[PDB]
Amino acid sequence: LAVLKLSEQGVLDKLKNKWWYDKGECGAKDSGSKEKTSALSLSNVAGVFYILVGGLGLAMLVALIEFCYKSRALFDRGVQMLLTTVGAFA
Amino acid sequence: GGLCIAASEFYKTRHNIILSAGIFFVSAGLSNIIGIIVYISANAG
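**Q** Describe the overall build of chain B, listing the residues and the values that go with them.
**A** Within chain B, the regular secondary structure consists of two helices and zero strands. Principal axes of the C-alpha set define a box for chain B whose edges measure 50 × 15 × 5 Å. Burial statistics for chain B: of 45 residues in total, 11% are counted as buried. Carbon together with sulfur atoms contributes 66% to the accessible area of chain B, which is approximately 3,500 Å² in total.

**Q** An account of the overall build of chain A is requested, with residue identities and associated values reported.
**A** Counting secondary structure elements, chain A contains four helices and zero strands. Taken from N to C terminus, the helices and strands of chain A fall in the order α-α-α-α. Here the C-alpha radius of gyration of chain A, 35 Å, is well above what a compact globule of 90 residues would show, namely 12 Å. C-alpha atoms of chain A, sized along the principal axes, occupy 110 × 35 × 25 Å. Counting the 90 residues in chain A, one finds 3% classified as buried. Surface accessibility of chain A: about 8,500 Å² in total, with carbon and sulfur atoms responsible for 65%. A gap of 2 Å separates the mean positions of the 11 positive and 8 negative side-chain charges of chain A.

**Q** Tell me about the packing of aromatic side chains, and please be specific about residues and values.
**A** How two aromatic rings sit relative to each other is set out by the distance from centre to centre and by the angle between their planes. All names here are of chain A. In this structure the tally under the stated criterion is zero aromatic pairs over all chains. Sitting over the ring of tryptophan 20, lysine 16 keeps its end group 4.8 Å from the ring centre. Sitting over the face of the ring of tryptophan 19, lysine 23 holds its NZ or CZ atom 4.2 Å from the ring centroid.

**Q** So what's going on with the interface of chain B and chain A? Which residues, and what values?
**A** Between chain B and chain A, the contact holds eleven residues from the first and eleven residues from the second. Of all residues in chain B, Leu30, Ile37 and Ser41 of chain B bury the most surface against chain A, accounting for 47% of the area lost on that side. Joining chain B to chain A, the criterion identifies zero salt bridges. Summed over the shared surface of chain B and chain A, the result is zero residue pairs in polar contact. Residues that form the side of chain B that touches chain A fall into these classes: nine nonpolar, two polar and no charged.

**Q** Could you give an account of a nonpolar patch on the surface, naming the residues involved and the relevant values?
**A** On the surface, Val45, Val48, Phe49, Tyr50, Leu52 and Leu56 of chain A together with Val38 of chain B cluster together to form a nonpolar patch covering roughly 590 Å² of accessible area. Residue contributions to the nonpolar patch peak at five residues, all from helix α3 (residues 46–72) of chain A. Position of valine 48 of chain A among the secondary structure elements: in helix α3.

**Q** Provide a residue-level description of the environment of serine 38 of chain A, including the pertinent values.
**A** Along the chain, the position of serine 38 of chain A falls in the loop between α2 (11–19) and α3. In terms of polar contacts, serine 38 of chain A uses its side chain to reach the backbone carbonyl oxygen of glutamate 35 of chain A, at 3.3 Å.

**Q** Describe the environment of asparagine 32 of chain B, listing the residues and the values that go with them.
**A** Assignment of secondary structure puts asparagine 32 of chain B in helix α2 (residues 17–43). Separated by 13 residues in sequence, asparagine 32 of chain B and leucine 19 of chain B have C-alpha atoms that sit 20 Å apart.

**Q** Quick one: what's the story with the side chain of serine 41 of chain B, residue by residue and with numbers?
**A** The topology assignment puts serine 41 of chain B in helix α2. Given a relative accessible area of 19%, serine 41 of chain B falls into the buried group. When residues no more than four places from it in sequence are discounted, the contact partners of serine 41 of chain B are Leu42, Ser43 and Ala46 of chain A.

Here is what the cut-offs are and how they apply
Residues numbered from 1 in each chain as written, not as in the entry; some residues may be left out. Chains lettered and ligands numbered in written order. Part of a larger assembly, values for the part shown. Heavy atoms only, no water. Helix = DSSP H or I, 4+ residues; strand = E, 2+ residues; numbered from the N terminus. Buried < 20%, exposed > 50% of the residue type's maximum accessible area, 1.4 Å probe, protein only. Areas by Shrake-Rupley, 256 points an atom, 1.4 Å probe, with all protein chains shown as cover. Rg over C-alpha atoms; globule rule 2.2 N^0.38 Å. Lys, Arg positive; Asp, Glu negative; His and termini not counted. Charge placed at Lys NZ, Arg CZ, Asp CG, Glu CD. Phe/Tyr/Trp six-rings, centres within 6.5 Å; stacked < 30°, edge-to-face > 60°. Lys NZ or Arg CZ within 6 Å of the ring centre and 35° of its normal. Contact = heavy atoms within 4.5 Å. Buried area = accessible area lost by both parts, 1.4 Å probe. Salt bridge = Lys/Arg side-chain N within 4 Å of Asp/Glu carboxyl O. Polar contact = N/O pair within 3.5 Å; in protein donor to acceptor, adjacent residues only side chain to side chain. Nonpolar A, V, L, I, M, F, W, Y, C, P; charged D, E, K, R; others polar. Patch = residues over 30% accessible without salt bridge, like charges linked within 9 Å, V, L, I, M, F, W, Y side chains within 5 Å.

So this is what it looks like as structure tokens:
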């Protein structure tokens, strides 16, 4: 009679939910849906944006130093041969 | 970039303070979207 009394009052429900879960704290169903990866989310292609912002910021740092190089203003003909002779031996 | 605008109202005919200012507002924007991207990417983690 005591076992049937504890079940209908949700005591066996309460003693189950307490011991298996409060001494738990590992995550349950953290994956969830299998269609969470249906939409090709940002973490899949975030590297292309890292190339893109790295591409723009590389262009700004080269455009500025061309600007001072215009504000400052091929080196030679015998020594541009020397750039060929060194690189050929290399 | 906000300091260079007050450096443009005085100190006329420098003609690089405007050029220094305008790239600073844009480079703040590129620092913003790279802050947006790492926020949305690591929010999945």
